[PDB]
Peer 1: 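Handing you this structure, nothing more for now.
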Amino acid sequence: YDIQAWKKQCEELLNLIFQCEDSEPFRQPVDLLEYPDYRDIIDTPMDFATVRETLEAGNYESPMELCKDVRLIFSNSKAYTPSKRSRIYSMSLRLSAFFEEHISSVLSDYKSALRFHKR
Ligand SMILES: CC(=O)NCc1cn[nH]c1
């Protein structure tokens, strides 16, 4: 029933993601000195520290908005990878599976709480 519960649930899931070794390439913005052509390929950079800061600033209205930015981290990795067998891209796929497994109930609970509110 709780329309606000998603926020702390997302904070806890972000804490788990930061503990995951697979998140290391995605914890901070991609370094443009390390990858000079990054912005030629990627229009909208995204990373987990930016997601956490947006959440903590009260700049997400719903977990769907947070989920769209997290999914953008993964699609950027897929777009930038020179190979589907690359190390960083392979880490992104495992991390994506972990994220999707955990975000599912957060989204379902939120949508059901909002439907109850508007009943
Ligand atoms: C496949 C890919 O995303 N390469 C760029 C990168 C390097 N560290 N984090 C991202």
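Heads up: numbering here begins at 1 and tracks the sequence. What you see below is based on every heavy atom in this structure, not just the backbone, and it leaves out hydrogens, waters and symmetry mates. Counting starts at 1 for both ligands and their atoms, in listed order.
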Peer 1: Are a donor atom and an acceptor atom from the side chains of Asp69 and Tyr60 found within less than 3.5 Å of each other?
Peer 2: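 Judged by distance alone, the side chains do pair up.
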Peer 1: Would you find a donor on one side and an acceptor on the other, under 3.5 Å apart, between the side chain of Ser112 and the backbone of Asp109?
Peer 2: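 Present.
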Peer 1: Report the member of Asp31, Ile88, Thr81 with the shortest heavy-atom distance to atom 7 (C) of ligand 1.
Peer 2: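 Ranked by closest heavy atom to atom 7 (C) of ligand 1, first place is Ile88.
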Peer 1: Kindly confirm or rule out an N or O of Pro25 lying under 3.5 angstrom from an N or O of ligand 1.
Peer 2: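 Yes, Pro25 has an N/O under 3.5 Å of an N/O on ligand 1.
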Peer 1: Whether the side chain of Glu100 engages the backbone of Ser96 through a donor-acceptor N/O pair (distance < 3.5 Å, no angle test) should be reported.
Peer 2: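 Checking the backbone N and O of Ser96 against the side chain of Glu100, no donor-acceptor pair under 3.5 Å is found.
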Peer 1: By number and element, which atoms of ligand 1 are closer than 4.0 Å to a non-hydrogen atom of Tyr35?
Peer 2: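 Near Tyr35, the atoms of ligand 1 are 7 (C).
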Peer 1: Where is the nearest protein heavy atom to atom 5 (C) of ligand 1: which residue, which atom, and how far?
Peer 2: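 That would be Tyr80 CD2, 3.6 Å.
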Peer 1: Between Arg119 and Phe116, is NZ or CZ placed under 6.0 angstrom from the six-membered ring centre and within 45° of the ring axis?
Peer 2: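 Yes, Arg119 lies over the aromatic ring of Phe116.
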Peer 1: Give the atom numbers and elements of ligand 1 that come within less than 4.0 Å of a heavy atom of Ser77.
Peer 2: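 Checking each atom against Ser77, I get 1 (C), 2 (C), 3 (O).
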Peer 1: Applying side-chain hydrogen bond (donor to acceptor under 3.5 Å, both in side chains), run through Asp37 and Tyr80 and close with a yes or a no.
Peer 2: CA-CA 10 Å; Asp37 64 340; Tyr80 191 71; 2.5 Å; yes
Peer 1: To the nearest 0.1 Å, how far is atom 10 (C) of ligand 1 from its closest protein heavy atom, and which atom is that?
Peer 2: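 The closest one turns out to be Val30 CG2, 3.6 Å.
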